[PDB]
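What the coordinates show
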Amino acid sequence: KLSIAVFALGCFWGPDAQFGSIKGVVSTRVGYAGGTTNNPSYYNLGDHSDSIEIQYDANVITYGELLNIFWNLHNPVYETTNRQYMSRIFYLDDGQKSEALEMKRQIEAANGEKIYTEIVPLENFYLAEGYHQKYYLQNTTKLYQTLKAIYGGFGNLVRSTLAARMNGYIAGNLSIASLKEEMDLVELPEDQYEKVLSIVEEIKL
Ligand SMILES: C[S@](=O)CC[C@H](N)C(=O)O
């Protein structure tokens with residue numbers, strides 16, 4: 001049992017890699033939310049926004065810390081009607097709602113600009129296509145294939161904490177030192193630890 005935040009802040013690849021680099025974030029998935037059609041998809045998006053579902057351990061990171069990361073990944077100071085990329089916070093309860101509203105007020109005071117992020121109730125979140133998940137990792141072929149065999153397949157891999165961290169590492173959002181600690185948590189057999197580590201070290205160059 002973990003806590004859930006659902007945010008929208010533009011194309012979801014960067015957010016996936018950024019939030020997935022953070023201690024306390026257990027898993028991420030990208031998808032679509034905020035519209036009024038069931039089962040949207042990339043070429044049939046309707047009025048939905050590109051969104052990220054963050055599953056986090058509230059004992060380790062708070063919703064307030066996640067909102068602060070959210071507002072540091074983009075600066076939503078213009079009003080657009082482009083639903084696919086609109087800045088939105090989908091609250092799952094009234095505590096999330098009030099923390100978001102308060103933090104939005106603080107930001108507007110501290111920097112002087114109106115924030116256009118819509119703070120709205122989460123209705124339905126729909127998972128994006130598999131090719132959008134852990135996008136940087138998926139497109140780093142050897143590392144991906146190795147990790148995928150270790151986790152037992154695509155679904156198990158992309159739902160894992162280590163994939164979230166690896167994806168963030170490839171994207172440039174996590175140090176190799178922190179990544180290595182994460183690899184340590186998984187307790188791989190020595191040989192697999194070494195295969196993964198040499199790919200990762202080769203990526204650092
Ligand atoms: C998920 S974003 O809307 C897609 C952006 C585009 N395919 C690109 O590679 O630049």
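Under the PDB entry, the name given to the protein is Peptide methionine sulfoxide reductase MsrA, and the organism recorded is Alkaliphilus oremlandii. Recorded in UniProt for the protein, the comment headed Function (unreviewed entry) runs: "Has an important function as a repair enzyme for proteins that have been inactivated by oxidation. Catalyzes the reversible oxidation-reduction of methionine sulfoxide in proteins to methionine." In its Sequence similarities (unreviewed entry) section, UniProt records this for the protein: "Belongs to the MsrA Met sulfoxide reductase family."

**Looking at the environment of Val-6**
For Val-6, the position within the fold is in strand β1 (residues 3-8). Under the relative-accessibility criterion, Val-6 is labelled buried at 1%. When the C-alpha atoms of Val-6 and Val-30 are compared, they prove to be 9.5 Å apart, with 24 residues separating the residues in sequence.

**Some words on the site of the ligand**
As a matter of local geometry, the ligand sits amid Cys-11, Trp-13, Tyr-42, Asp-50, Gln-84 and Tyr-85. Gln-84 has a polar side-chain atom sitting 3.5 Å from an oxygen atom of the ligand. At 3.1 Å from an oxygen atom of the ligand is found a side-chain nitrogen or oxygen belonging to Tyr-85. Coverage of the ligand by the protein chains reaches 55% of its 320 Å² of free accessible surface. Class assignment for the residues of the shell around the ligand results in four nonpolar, one polar and one charged.

**As for helix α3 (residues 94-111)**
Over its 18 residues, α3 runs 26 Å from end to end, which matches the ideal 26 Å to within 8%, given 1.5 Å per residue. The distance from a side-chain oxygen at the start of α3 to the backbone nitrogen of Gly-95 is 3.1 Å, and the residue carrying that oxygen is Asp-93. The positive-phi residue at the C-terminal boundary of α3 is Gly-112, with phi of around 90 degrees.

**Things to note about the sheet that holds strand β4 (residues 88-91)**
Pairing within the open sheet is mixed, and its six strands lie in the order β5-β4-β1-β3-β2-β6. What marks the edges here is a single partner per strand, and that holds for β5 (118-121) and β6 (125-127). Across the sheet, the mean angle separating the axes of adjacent strands is 35 degrees when strand polarity is ignored. Looking at chain direction, strand β2 (residues 25-33) and β6 are connected through three bridges and run antiparallel. The residue of β6 that forms the bridge with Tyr-32 is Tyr-126. Here α3 sits on the sheet in contact with β1, β3 (49-56), β4 and β5, set at roughly 150 degrees to β4.

**So, unusual backbone geometry**
Located in the positive-phi region is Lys-134, a residue other than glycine, with phi close to 45 degrees. Along the chain, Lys-134 falls in the loop between β6 and α4 (135-138). Even without a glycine there, the phi angle at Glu-187 is positive, about 60 degrees. Locating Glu-187 in the fold gives a position in the loop between α8 (176-186) and α9 (190-204).

Calculation rules
Residues numbered from 1 in each chain as written, not as in the entry; some residues may be left out. Heavy atoms only, no water. UniProt positions renumbered as here; feature names shortened; annotations may be inferred. Helix = DSSP H or I, 4+ residues; strand = E, 2+ residues; numbered from the N terminus. Buried < 20%, exposed > 50% of the residue type's maximum accessible area, 1.4 Å probe, protein only. Near = heavy atom within 4 Å. Polar contact = N/O pair within 3.5 Å; in protein donor to acceptor, adjacent residues only side chain to side chain. Areas by Shrake-Rupley, 256 points an atom, 1.4 Å probe, with all protein chains shown as cover. Nonpolar A, V, L, I, M, F, W, Y, C, P; charged D, E, K, R; others polar. Expected span 1.5 Å × (residues − 1). Pairing = 2+ DSSP bridges. Axes fitted to C-alpha atoms, helices over the stretch in contact; angles between N-to-C directions. Contact = heavy atoms within 4.5 Å.

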